[PDB]
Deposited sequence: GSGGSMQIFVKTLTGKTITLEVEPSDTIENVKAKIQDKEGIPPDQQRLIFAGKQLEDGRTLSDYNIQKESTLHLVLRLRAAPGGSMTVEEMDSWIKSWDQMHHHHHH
């Protein structure tokens, strides 16, 4: 069986309805490199669970799942990751002499 996952460049993987959700995120890693724990996969309005299998989610051939990268916690008032990185870089600024 085959299916598609969408950077916007839809990819194609070969799987059977018996393979688990953890294995799907593994096959993504062989093509996109993203670690599986950062991968979040949506199928028709919900985020699938790394346990329940493909047949356990009624996934059919030619279907599509959206891939959304998990993000570091963005608590209220936190710095964005770029702001945090720029702040730490400025710890090393110097005015010599």
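Numbering the deposited sequence from 1, one finds several regions with no C-alpha coordinates, namely 1 to 5, 12 to 13, 105 to 107.
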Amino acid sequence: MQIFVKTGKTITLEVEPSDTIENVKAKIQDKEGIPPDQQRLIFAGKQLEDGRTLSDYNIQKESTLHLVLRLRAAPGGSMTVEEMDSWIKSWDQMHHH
From here on, numbers count along this sequence of modelled residues.
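Two stretches are in play, 36 to 44 and 50 to 58, and the higher mean C-alpha B-factor belongs to 50 to 58.
Among the modelled residues of its chain, residue 94 has a C-alpha B-factor that falls in the lowest third according to the deposited record.
In the deposited entry, the Cα temperature factor of residue 19 places it in the highest third of its chain's modelled residues.
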